[PDB]
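Engineer: Would you mind keeping the following structure in view while I ask a few things?
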Amino acid sequence: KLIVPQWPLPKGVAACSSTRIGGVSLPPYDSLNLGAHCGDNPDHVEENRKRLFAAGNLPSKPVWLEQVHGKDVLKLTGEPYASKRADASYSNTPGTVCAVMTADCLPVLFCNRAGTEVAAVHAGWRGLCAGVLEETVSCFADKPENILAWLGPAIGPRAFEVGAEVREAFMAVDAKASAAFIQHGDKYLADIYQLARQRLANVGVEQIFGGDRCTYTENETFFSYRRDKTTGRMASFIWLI
Amino acid sequence: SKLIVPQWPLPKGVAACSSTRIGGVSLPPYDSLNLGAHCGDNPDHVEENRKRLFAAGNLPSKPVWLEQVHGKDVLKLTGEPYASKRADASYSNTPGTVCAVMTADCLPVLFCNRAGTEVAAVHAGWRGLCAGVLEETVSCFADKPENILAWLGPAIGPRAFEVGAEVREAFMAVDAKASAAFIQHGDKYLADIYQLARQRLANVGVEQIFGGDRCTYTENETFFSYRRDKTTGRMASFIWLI
Ligand SMILES: [Zn+2]
Ligand SMILES: [Zn+2]
Ligand SMILES: [Zn+2]
Ligand SMILES: [Zn+2]
Ligand SMILES: [Zn+2]
Ligand SMILES: [Zn+2]
Ligand SMILES: [Zn+2]
Ligand SMILES: [Zn+2]
């Protein structure tokens, strides 16, 4: 089964986010593991990808990134790439699939109401803190007012334990980050949805959706790196039809 | 009443209890003896519920709460500098140390030996049960399985535990005895977790098995149930050497 973002989806845009359900992989990758570098059977991963691309009605294969937990955006201008080293992608080309691979990190999908540009972001805390979302938004020709954002399944505020330094880093950029951390031993529990919403507001994006799942809690629906260590991967996808 | 006392031949030197949703201070949907600190409850209420339970249970120390990940790892409670509390079972041979597991549908299993020198507590979700958490816990004991007692705590029962074909498949890949513990329910099955546990226990030589008569999902006035409620409190099961 496939998560369909609950937002006012514009006419020529289409989106989906995968779960752990309905694949072919064996534990600890059971069953719809999309990740090719976490030690799964390579023929199973290939099979899960095929089923998910069918289930999601993707028009072409996703442009998978070399995700490095940074803040760079690849503009999906053309099929042979000089380097896919990026944690976000941007497209204004019909049929081109933006894709981001996650199991705890925040997926964010963007599109404009006019339905002429899309973006997908893999926003781990470091990339989020350093401004991956602001950098993705800045790629859009449209104005932020016209931009929709969907917050995908990520590790939620009851499970995302971070060190004092992480909380420190977020407040160094934007002091109101403080409300997104709650003390918990020598650490804090952090609300990644709250932090993403703050960055998005600071940049003018007001139509924000999703943010109601937790990859760590919902173990029957999602892989979680923090929970499992060795485990599968989900992905979120957006494209212009 | 905040507490269930396992009904088994409790050895001298051992004590155990398992909590209910009754007798605490938490507000709905955590009403009222919620012990879980990570389900969105008022944490002052959670600490009061814990104080109340620990008092009533006559625990000699605070529980060694695990970071439960629904796997099959057993932490031997050898001494508080631990590299990681990521585990779904614990084992102690140290008087005064409390083994504890936190549940609201998953099977709690408490273990001890007739001599009263070793205890263990297991949070057995279906994934961990399937991958062999009970067998793993049993193999931590120095004593022989014949001298091991096992108590099945309140879990989601065979009329409520609905699973996909894949769960049945997984269990029967380990042992086709497992087919007995499943009954079709549409394109689904209703699974008997107590039956699956009893099969693993027998496989391993544990013959003295008690409890397994409750249903967290049915008894909404005694137990929290994650399947029933989603946002809800947590019970826990505890055992220790006196
Ligand atoms: Zn295969
Ligand atoms: Zn990540
Ligand atoms: Zn959670
Ligand atoms: Zn905690
Ligand atoms: Zn109160
Ligand atoms: Zn559980
Ligand atoms: Zn029915
Ligand atoms: Zn029942």
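Going by the structure tokens order, chains are called A, B, ..., each with residues numbered from 1, while ligands are numbered from 1 in the order shown.
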Could you give me, as a list in words, the residues within 10 Å of residue A:170, counting only C-alpha atoms and dropping anything in the same chain fewer than 4 positions from it?

Structural biologist: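 Near residue A:170, the qualifying residues are residues 125, 126, 128, 129, 130, 165, 166, 174, 175, 176, 177, 178, 180, 181 and 195 of chain A.
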
Engineer: Include N, CA, C and O atoms and write out the residues we just selected as a PDB file, in the first residue's frame.

Structural biologist:
ATOM      1  N   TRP A 125      18.658  16.097   9.921  1.00  0.00           N
ATOM      2  CA  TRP A 125      18.818  17.289  10.782  1.00  0.00           C
ATOM      3  C   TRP A 125      19.926  18.232  10.336  1.00  0.00           C
ATOM      4  O   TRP A 125      19.756  19.444  10.416  1.00  0.00           O
ATOM      5  N   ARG A 126      21.053  17.684   9.878  1.00  0.00           N
ATOM      6  CA  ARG A 126      22.199  18.511   9.449  1.00  0.00           C
ATOM      7  C   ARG A 126      21.850  19.342   8.209  1.00  0.00           C
ATOM      8  O   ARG A 126      22.127  20.528   8.156  1.00  0.00           O
ATOM      9  N   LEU A 128      18.743  19.984   7.130  1.00  0.00           N
ATOM     10  CA  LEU A 128      17.660  20.868   7.578  1.00  0.00           C
ATOM     11  C   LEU A 128      18.214  22.114   8.261  1.00  0.00           C
ATOM     12  O   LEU A 128      17.816  23.246   7.933  1.00  0.00           O
ATOM     13  N   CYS A 129      19.112  21.895   9.233  1.00  0.00           N
ATOM     14  CA  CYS A 129      19.720  22.982   9.978  1.00  0.00           C
ATOM     15  C   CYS A 129      20.468  23.926   9.050  1.00  0.00           C
ATOM     16  O   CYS A 129      20.348  25.126   9.176  1.00  0.00           O
ATOM     17  N   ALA A 130      21.210  23.362   8.105  1.00  0.00           N
ATOM     18  CA  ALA A 130      22.051  24.116   7.182  1.00  0.00           C
ATOM     19  C   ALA A 130      21.283  24.750   6.029  1.00  0.00           C
ATOM     20  O   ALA A 130      21.854  25.538   5.278  1.00  0.00           O
ATOM     21  N   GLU A 165      24.190  19.533  21.378  1.00  0.00           N
ATOM     22  CA  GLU A 165      24.815  20.254  20.291  1.00  0.00           C
ATOM     23  C   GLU A 165      23.845  20.485  19.113  1.00  0.00           C
ATOM     24  O   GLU A 165      23.837  21.562  18.518  1.00  0.00           O
ATOM     25  N   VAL A 166      23.030  19.480  18.793  1.00  0.00           N
ATOM     26  CA  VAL A 166      22.032  19.616  17.721  1.00  0.00           C
ATOM     27  C   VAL A 166      21.051  20.755  18.028  1.00  0.00           C
ATOM     28  O   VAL A 166      20.839  21.635  17.181  1.00  0.00           O
ATOM     29  N   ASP A 174      18.259  30.353  14.094  1.00  0.00           N
ATOM     30  CA  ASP A 174      16.873  30.841  14.216  1.00  0.00           C
ATOM     31  C   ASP A 174      16.366  30.542  15.618  1.00  0.00           C
ATOM     32  O   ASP A 174      15.951  29.418  15.920  1.00  0.00           O
ATOM     33  N   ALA A 175      16.362  31.571  16.458  1.00  0.00           N
ATOM     34  CA  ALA A 175      16.246  31.407  17.909  1.00  0.00           C
ATOM     35  C   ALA A 175      14.981  30.692  18.365  1.00  0.00           C
ATOM     36  O   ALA A 175      14.983  29.992  19.378  1.00  0.00           O
ATOM     37  N   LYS A 176      13.907  30.860  17.604  1.00  0.00           N
ATOM     38  CA  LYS A 176      12.630  30.237  17.921  1.00  0.00           C
ATOM     39  C   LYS A 176      12.614  28.695  17.750  1.00  0.00           C
ATOM     40  O   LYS A 176      11.620  28.054  18.088  1.00  0.00           O
ATOM     41  N   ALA A 177      13.710  28.110  17.255  1.00  0.00           N
ATOM     42  CA  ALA A 177      13.883  26.633  17.202  1.00  0.00           C
ATOM     43  C   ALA A 177      13.680  25.983  18.567  1.00  0.00           C
ATOM     44  O   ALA A 177      13.253  24.833  18.672  1.00  0.00           O
ATOM     45  N   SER A 178      13.967  26.757  19.610  1.00  0.00           N
ATOM     46  CA  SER A 178      13.858  26.338  21.005  1.00  0.00           C
ATOM     47  C   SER A 178      12.576  25.580  21.334  1.00  0.00           C
ATOM     48  O   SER A 178      12.609  24.595  22.084  1.00  0.00           O
ATOM     49  N   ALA A 180      10.971  23.571  19.598  1.00  0.00           N
ATOM     50  CA  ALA A 180      10.957  22.227  18.967  1.00  0.00           C
ATOM     51  C   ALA A 180      11.745  21.124  19.712  1.00  0.00           C
ATOM     52  O   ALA A 180      11.678  19.940  19.326  1.00  0.00           O
ATOM     53  N   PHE A 181      12.459  21.503  20.773  1.00  0.00           N
ATOM     54  CA  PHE A 181      13.212  20.551  21.611  1.00  0.00           C
ATOM     55  C   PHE A 181      12.649  20.446  23.025  1.00  0.00           C
ATOM     56  O   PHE A 181      12.287  21.457  23.620  1.00  0.00           O
ATOM     57  N   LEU A 195      10.464  22.016  13.261  1.00  0.00           N
ATOM     58  CA  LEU A 195      11.642  22.682  12.709  1.00  0.00           C
ATOM     59  C   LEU A 195      11.524  22.972  11.214  1.00  0.00           C
ATOM     60  O   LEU A 195      11.882  24.059  10.755  1.00  0.00           O
TER      61      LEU A 195
END

Engineer: Write out as an NGL selection string the residues lying within 10 Å of residue B:211, counting only C-alpha atoms and excluding same-chain residues fewer than 3 positions away.

Structural biologist: :B and (6-8 or 109 or 150-154 or 194 or 214)

Engineer: Go ahead and save the picked residues with N, CA and C atoms, as a compact mmCIF listing (two decimals), in the first residue's frame.

Structural biologist:
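Writing done, so here's again-v6.txt:
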# COMPACT_ATOMS: atom_id res chain seq x y z
N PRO B 6 1.29 -12.88 38.93
CA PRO B 6 1.30 -14.13 38.18
C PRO B 6 0.92 -15.32 39.05
N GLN B 7 0.09 -16.20 38.50
CA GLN B 7 -0.33 -17.39 39.21
C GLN B 7 0.44 -18.59 38.68
N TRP B 8 1.47 -18.93 39.45
CA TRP B 8 2.43 -19.96 39.13
C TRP B 8 3.07 -20.40 40.46
N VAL B 109 6.49 -12.00 28.69
CA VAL B 109 6.77 -13.30 29.27
C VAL B 109 7.81 -13.10 30.36
N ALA B 150 7.60 -20.28 33.15
CA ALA B 150 7.28 -19.22 32.19
C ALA B 150 5.86 -18.75 32.38
N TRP B 151 5.68 -17.44 32.50
CA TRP B 151 4.33 -16.88 32.68
C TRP B 151 4.00 -15.98 31.51
N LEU B 152 2.89 -16.27 30.84
CA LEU B 152 2.43 -15.48 29.69
C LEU B 152 1.55 -14.34 30.20
N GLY B 153 2.00 -13.11 29.98
CA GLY B 153 1.32 -11.91 30.49
C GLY B 153 0.12 -11.54 29.61
N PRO B 154 -0.61 -10.49 29.98
CA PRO B 154 -1.72 -10.00 29.17
C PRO B 154 -1.23 -9.42 27.82
N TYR B 194 -0.32 -16.73 22.29
CA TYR B 194 -0.02 -17.60 23.42
C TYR B 194 0.31 -19.00 22.93
N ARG B 214 -5.64 -13.82 29.27
CA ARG B 214 -6.17 -12.45 29.18
C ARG B 214 -6.20 -11.94 27.74

Engineer: Any idea which chain A residues end up within 9 Å of chain B if we count only C-alpha atoms, as a ChimeraX atom specification please?

Structural biologist: /A:158-159,216,219,226-228

Engineer: Let me see the file: selected residues, C-alpha atoms, as a PDB file, in the first residue's frame.

Structural biologist:
ATOM      1  CA  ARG A 158       8.493  11.250  20.858  1.00  0.00           C
ATOM      2  CA  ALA A 159      11.328   9.229  19.277  1.00  0.00           C
ATOM      3  CA  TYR A 216       9.930   4.728  14.721  1.00  0.00           C
ATOM      4  CA  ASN A 219       6.824  -0.448  12.931  1.00  0.00           C
ATOM      5  CA  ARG A 226      17.127   4.289  14.688  1.00  0.00           C
ATOM      6  CA  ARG A 227      14.849   1.403  15.669  1.00  0.00           C
ATOM      7  CA  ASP A 228      16.314  -1.377  13.458  1.00  0.00           C
TER       8      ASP A 228
END

Engineer: Would you list the contacts of residue B:88 as JSON, numbers by chain, taking every protein, DNA or RNA residue within 12 Å and counting only C-alpha atoms, but skipping same-chain residues closer than 6 positions in sequence?

Structural biologist: {"A": [227], "B": [64, 65, 66, 67, 68, 69, 70, 71, 72, 73, 74, 75, 76, 99, 100, 101, 102, 103, 106, 107, 108, 109, 120, 121, 122, 123, 124, 125, 126, 127, 128, 129, 131, 132, 133, 134, 136, 137]}

Engineer: For the helix (DSSP H, G or I) assignment from backbone DSSP, which residues of stretch 42-240 of chain A qualify? Please present them as a VMD selection string.

Structural biologist: chain A and resid 42 to 55 125 to 130 132 to 137 144 to 146 164 to 173 175 to 180 192 to 202 225 to 228

Engineer: Would you please work out which residue, of B:213, B:31, B:41, B:105, is nearest to ligand 4 when using only C-alpha atoms and all ligand atoms?

Structural biologist: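 Of the candidates, the smallest distance to ligand 4 is held by B:41.
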
Engineer: Give the strand (DSSP E) residues of stretch 1-133 of chain B, as DSSP finds them on the backbone, and put them as JSON, numbers by chain.

Structural biologist: {"B": [3, 4, 14, 15, 16, 17, 18, 19, 74, 75, 76, 89, 90, 91, 92, 98, 99, 100, 101, 102, 103, 107, 108, 109, 110, 111, 112, 113, 119, 120, 121, 122, 123, 124]}

Engineer: Save the residues we just selected, C-alpha atoms, as a compact mmCIF listing (two decimals), in the first residue's frame?

Structural biologist:
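Just written: again-v7.txt:
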# COMPACT_ATOMS: atom_id res chain seq x y z
CA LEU B 3 -1.37 -5.08 39.82
CA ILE B 4 -1.75 -8.64 38.60
CA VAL B 14 11.59 -14.46 43.44
CA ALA B 15 8.73 -11.95 43.10
CA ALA B 16 6.83 -10.70 40.09
CA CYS B 17 3.99 -8.45 39.11
CA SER B 18 2.25 -7.13 36.02
CA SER B 19 0.34 -3.80 35.98
CA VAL B 74 18.47 -9.95 25.40
CA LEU B 75 20.39 -7.67 27.76
CA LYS B 76 22.09 -9.48 30.65
CA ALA B 89 14.37 -8.94 26.88
CA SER B 90 16.52 -8.76 30.02
CA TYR B 91 18.06 -11.38 32.30
CA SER B 92 19.30 -11.07 35.86
CA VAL B 98 14.32 -5.57 38.48
CA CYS B 99 13.72 -7.01 34.98
CA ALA B 100 10.88 -5.09 33.32
CA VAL B 101 9.12 -4.96 29.95
CA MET B 102 6.62 -2.39 28.72
CA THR B 103 3.66 -3.54 26.58
CA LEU B 107 3.23 -10.59 24.74
CA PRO B 108 5.02 -10.16 28.07
CA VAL B 109 6.77 -13.30 29.27
CA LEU B 110 8.39 -13.60 32.68
CA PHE B 111 10.84 -16.41 33.43
CA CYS B 112 12.43 -17.88 36.54
CA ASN B 113 13.98 -21.11 37.74
CA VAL B 119 14.93 -14.30 36.27
CA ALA B 120 14.09 -12.83 32.86
CA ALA B 121 11.41 -10.59 31.23
CA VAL B 122 10.63 -10.53 27.49
CA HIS B 123 8.69 -8.11 25.31
CA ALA B 124 7.62 -10.50 22.57

Engineer: Hey, which of B:147, B:139, B:232, B:237 ends up closest to residue B:30? Count only C-alpha atoms.

Structural biologist: B:232

Engineer: Kindly provide the residues of chain B that approach ligand 7 to within 9 Å, each paired with its closest atom pair and their distance in Å to one decimal, based on only C-alpha atoms and all ligand atoms, listed by chain and increasing number, as a Markdown table.

Structural biologist:
| residue | atom | partner | partner_atom_place_in_ligand_line | distance |
| --- | --- | --- | --- | --- |
| B:159 | CA | ligand 7 | 1 (Zn) | 8.8 |
| B:160 | CA | ligand 7 | 1 (Zn) | 8.9 |
| B:185 | CA | ligand 7 | 1 (Zn) | 6.3 |
| B:186 | CA | ligand 7 | 1 (Zn) | 7.7 |

Engineer: Those residues with N, CA and C atoms, as a JSON list (two decimals), in the first residue's frame please?

Structural biologist:
[["chain", "number", "residue", "atom", "x", "y", "z"],
["B", 159, "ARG", "N", -8.82, -13.82, 19.35],
["B", 159, "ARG", "CA", -10.00, -13.24, 18.66],
["B", 159, "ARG", "C", -9.80, -11.80, 18.21],
["B", 160, "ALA", "N", -8.66, -11.20, 18.56],
["B", 160, "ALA", "CA", -8.39, -9.78, 18.25],
["B", 160, "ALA", "C", -7.10, -9.53, 17.41],
["B", 185, "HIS", "N", -9.54, -15.04, 8.24],
["B", 185, "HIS", "CA", -10.46, -13.97, 8.59],
["B", 185, "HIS", "C", -10.51, -12.98, 7.43],
["B", 186, "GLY", "N", -11.18, -13.37, 6.35],
["B", 186, "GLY", "CA", -11.15, -12.59, 5.11],
["B", 186, "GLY", "C", -9.89, -12.95, 4.34]]

Engineer: So which one's closest to residue B:28, B:96, B:188, B:1, B:45? Using only C-alpha atoms, please.

Structural biologist: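 With only C-alpha atoms as the atom set, the closest residue is B:45.
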
Engineer: Could you check which of B:236, B:62, B:12, B:181 is closest to residue B:161, using only C-alpha atoms?

Structural biologist: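 When distances to residue B:161 are compared using only C-alpha atoms, the smallest one comes from B:181.
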
Engineer: Given a cut-off of 12 Å, what residues near ligand 8 show up using only C-alpha atoms and all ligand atoms, put as a ChimeraX atom specification?

Structural biologist: /B:105,154-162,190-193,212-220,223,225,227-228

Engineer: Write out, as a JSON list (two decimals), in the first residue's frame, the residues just selected, with N, CA and C atoms.

Structural biologist:
[["chain", "number", "residue", "atom", "x", "y", "z"],
["B", 105, "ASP", "N", -0.29, -4.74, 24.20],
["B", 105, "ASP", "CA", -0.72, -5.72, 23.18],
["B", 105, "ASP", "C", 0.34, -6.82, 22.94],
["B", 154, "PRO", "N", -0.61, -10.49, 29.98],
["B", 154, "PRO", "CA", -1.72, -10.00, 29.17],
["B", 154, "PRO", "C", -1.23, -9.42, 27.82],
["B", 155, "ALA", "N", -1.74, -9.99, 26.73],
["B", 155, "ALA", "CA", -1.38, -9.64, 25.37],
["B", 155, "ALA", "C", -2.69, -9.58, 24.60],
["B", 156, "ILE", "N", -2.62, -9.17, 23.34],
["B", 156, "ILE", "CA", -3.75, -9.25, 22.41],
["B", 156, "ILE", "C", -4.06, -10.70, 22.07],
["B", 157, "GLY", "N", -5.30, -11.08, 22.32],
["B", 157, "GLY", "CA", -5.74, -12.46, 22.24],
["B", 157, "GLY", "C", -6.13, -12.96, 20.86],
["B", 158, "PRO", "N", -6.37, -14.28, 20.74],
["B", 158, "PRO", "CA", -6.62, -14.94, 19.44],
["B", 158, "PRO", "C", -7.87, -14.47, 18.67],
["B", 159, "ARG", "N", -8.82, -13.82, 19.35],
["B", 159, "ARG", "CA", -10.00, -13.24, 18.66],
["B", 159, "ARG", "C", -9.80, -11.80, 18.21],
["B", 160, "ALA", "N", -8.66, -11.20, 18.56],
["B", 160, "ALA", "CA", -8.39, -9.78, 18.25],
["B", 160, "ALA", "C", -7.10, -9.53, 17.41],
["B", 161, "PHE", "N", -6.12, -10.42, 17.53],
["B", 161, "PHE", "CA", -4.84, -10.26, 16.86],
["B", 161, "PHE", "C", -4.93, -10.64, 15.36],
["B", 162, "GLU", "N", -5.27, -9.66, 14.54],
["B", 162, "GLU", "CA", -5.43, -9.88, 13.13],
["B", 162, "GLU", "C", -4.15, -9.53, 12.39],
["B", 190, "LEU", "N", -6.61, -14.58, 12.15],
["B", 190, "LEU", "CA", -6.56, -14.25, 13.57],
["B", 190, "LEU", "C", -5.53, -15.17, 14.20],
["B", 191, "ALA", "N", -4.55, -14.58, 14.88],
["B", 191, "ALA", "CA", -3.41, -15.35, 15.40],
["B", 191, "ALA", "C", -3.47, -15.47, 16.91],
["B", 192, "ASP", "N", -3.08, -16.65, 17.41],
["B", 192, "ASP", "CA", -3.01, -16.94, 18.85],
["B", 192, "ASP", "C", -1.55, -16.89, 19.32],
["B", 193, "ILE", "N", -1.18, -15.71, 19.83],
["B", 193, "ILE", "CA", 0.19, -15.45, 20.30],
["B", 193, "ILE", "C", 0.63, -16.33, 21.45],
["B", 212, "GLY", "N", -1.58, -16.62, 30.17],
["B", 212, "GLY", "CA", -2.10, -16.67, 28.81],
["B", 212, "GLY", "C", -3.62, -16.77, 28.70],
["B", 213, "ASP", "N", -4.32, -16.21, 29.68],
["B", 213, "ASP", "CA", -5.79, -16.23, 29.73],
["B", 213, "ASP", "C", -6.44, -14.85, 29.53],
["B", 214, "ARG", "N", -5.64, -13.82, 29.27],
["B", 214, "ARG", "CA", -6.17, -12.45, 29.18],
["B", 214, "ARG", "C", -6.20, -11.94, 27.74],
["B", 215, "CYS", "N", -6.87, -10.81, 27.53],
["B", 215, "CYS", "CA", -6.83, -10.18, 26.22],
["B", 215, "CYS", "C", -6.86, -8.69, 26.43],
["B", 216, "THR", "N", -5.76, -8.03, 26.05],
["B", 216, "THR", "CA", -5.65, -6.60, 26.28],
["B", 216, "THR", "C", -6.74, -5.82, 25.52],
["B", 217, "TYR", "N", -7.08, -6.31, 24.33],
["B", 217, "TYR", "CA", -8.01, -5.65, 23.40],
["B", 217, "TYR", "C", -9.47, -5.78, 23.89],
["B", 218, "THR", "N", -9.85, -6.98, 24.33],
["B", 218, "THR", "CA", -11.17, -7.24, 24.93],
["B", 218, "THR", "C", -11.40, -6.50, 26.26],
["B", 219, "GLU", "N", -10.48, -6.65, 27.21],
["B", 219, "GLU", "CA", -10.69, -6.13, 28.55],
["B", 219, "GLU", "C", -10.32, -4.65, 28.68],
["B", 220, "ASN", "N", -11.10, -3.79, 28.01],
["B", 220, "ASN", "CA", -10.79, -2.36, 27.95],
["B", 220, "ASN", "C", -10.82, -1.62, 29.27],
["B", 223, "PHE", "N", -6.99, -3.06, 30.70],
["B", 223, "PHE", "CA", -5.74, -2.91, 29.92],
["B", 223, "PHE", "C", -5.81, -1.84, 28.87],
["B", 225, "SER", "N", -4.56, -0.92, 25.05],
["B", 225, "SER", "CA", -4.32, -1.73, 23.86],
["B", 225, "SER", "C", -4.00, -0.79, 22.73],
["B", 227, "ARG", "N", -3.54, -1.54, 19.47],
["B", 227, "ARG", "CA", -4.43, -1.86, 18.37],
["B", 227, "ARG", "C", -5.81, -1.20, 18.54],
["B", 228, "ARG", "N", -6.41, -1.37, 19.72],
["B", 228, "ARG", "CA", -7.68, -0.73, 20.04],
["B", 228, "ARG", "C", -7.64, 0.80, 19.97]]

Engineer: In Å, with one decimal, what is the gap from atom CA of residue A:25 to atom CA of residue A:44?

Structural biologist: 5.5 Å

Engineer: Please identify every polymer residue within 6 Å of ligand 2, using only C-alpha atoms and all ligand atoms, and present the set as a short mmCIF file (atom, residue, chain, number, x, y, z; two decimals) with N, CA, C and O atoms, in the first residue's frame.

Structural biologist:
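As written to disk, pocket_31.cif reads:
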data_model
loop_
_atom_site.label_atom_id
_atom_site.label_comp_id
_atom_site.auth_asym_id
_atom_site.auth_seq_id
_atom_site.Cartn_x
_atom_site.Cartn_y
_atom_site.Cartn_z
N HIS A 69 23.56 13.55 3.13
CA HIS A 69 23.10 14.30 4.30
C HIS A 69 23.58 15.77 4.31
O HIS A 69 23.74 16.40 5.36
N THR A 102 14.49 7.39 2.28
CA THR A 102 14.52 7.72 3.72
C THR A 102 14.18 6.50 4.60
O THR A 102 13.57 5.55 4.11
N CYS A 105 14.82 10.06 8.33
CA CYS A 105 14.96 11.45 7.84
C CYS A 105 13.70 11.99 7.19
O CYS A 105 12.87 11.24 6.62
N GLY A 124 17.64 15.36 6.51
CA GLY A 124 18.16 14.97 7.82
C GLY A 124 18.44 16.23 8.62
O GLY A 124 18.44 17.33 8.06
#
